[PDB]
């Protein structure tokens, strides 16, 4: 079609399937296996990318060009890698992926949205869509084209360290919140076939429905463990949102570390090929989790040859290696060379990978747009996060007796007020895991507004605001305070580090609440990724708010505390009386909740 050196796969006017087939037909085995390989930026160099025909890069949690890097530093990094991949014989661009799971959260100055559990409290799928949209822009600001989100796990036991990454214990809520997908990717056409991948263009990103399947059903909430449930329960609780994702054109699906009735998901051909590909008709690419194939065996890594065979025969298309690429490539090449893995399986994985890259426009815009850099941390996005944070708050108590004047909303004018607690002025704690570092961190880790900062920005100029992190009872009684706001809760955690069998917040937390509330009427703001033992905090407090992990915009908290808006959030999870009850979900025999799923008190705006 019209020049003498014309190559159909390079012609942007041709249909994606024709471009895929035309490119696939020219590729060597090495070129094919290279597409199937995703590596960490930490092991990538121009020569490694070129010589191994690498298909994809990622940043794992905390893998950044440097601390504090600007949006343009990210763009330059990603373009440097792309430049190498475009210099190969076939010039196939790489796709760069990152965990942008509550904003573009690895990046300094990125807007940090509430974590998923809080978003489930909003019951507002359109808000989540808009959060998708903002997140796509902030990811493209850094030159990155692919976000490992949404997590559509249905957490069935809050002892799990990733329970905050699940919108709800109720699959219906999780289903509703798959609107993140068309936020990230754009809306699919009227005509769209369910299971086809979609991304609108250069201002959107490929999404990833993760982690397939039953990641939130593991025994005792143990991370990466076994999920014991008949096919009917799997299909009724853990699967449904995957079908909503297919309907909205999710481009990729990541496989779970977890097992189903003892079968490693990363080795499960019946579910990956038989169900996801052959029954749901998924036509995007299937990606492993980080060393997910390694973890097929025990010990992990003990038979990498079998890891590669089992995973690729099960139907995985791209492997998140992410470090030992030479070994992965060498072993997979051996398997194809000895007939253990047929060419048809390679060609299917590469078809899927190229389908997503061509569909999303990556061959037409392989490089970053520097005009997008300024999207990072844009005030419109912070305003959105602030709206989400406010809508996520669940008011659990507002008055010790039914006859008390309701404490909330608090007045903005008062002579003197106290702000206290370990979580009142700690941005890191209010963001939780997957913020700047993998495990999150403490203190002023990025740009945002702590609860203390938000109180000071909200109150009348005549209101004196005193901060004390852990005041004693006498300090409070002697202080002349009108009221206190006290914020406490969980420390940041991610993944197995957050698996917790007792779910009691660290001290001092409760002790500070008791000392503050003992002296002056108090509003307790509980920061957590999940329900935690709360009766003692409730007993001390006039009012108590479950604020979850609200992110960078602390003003979302004060917007509701001071009555600019009313509380509307409703628990997206059951709140247990005791961890001995667990697991306990809306539906079981012994359903005896402290607060039932859907509970939440309200207030009216002042």
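Numbering follows the first chain given and starts at 1.
Look at the C-alpha B-factors of 110 to 118 and of 267 to 275. On average they run higher in 267 to 275. Relative to one another, 92 to 100 and 214 to 222 have unequal mean CA B-factors, and 214 to 222 is the one with the higher figure. When the Cα B-factors of 337, 142, 524, 256 are read from the PDB record, 337 comes out highest. Per the deposited coordinates, the residue with the largest Cα temperature factor out of 507, 73, 453, 79 is 507.
Among the modelled residues of the chain, residue 481 sits in the middle third by CA temperature factor in this PDB entry. In the deposited entry, the Cα temperature factor of residue 57 places it in the lowest third of its chain's modelled residues. Per the deposited record, the Cα B-factor of residue 390 falls in the lowest third when ranked against the other modelled residues of its chain. Compared with the other modelled residues of the chain, the Cα B-factor recorded for residue 183 ranks in the lowest third.
Per the deposited record, the Cα B-factor of residue 228 falls in the highest third when ranked against the other modelled residues of its chain.
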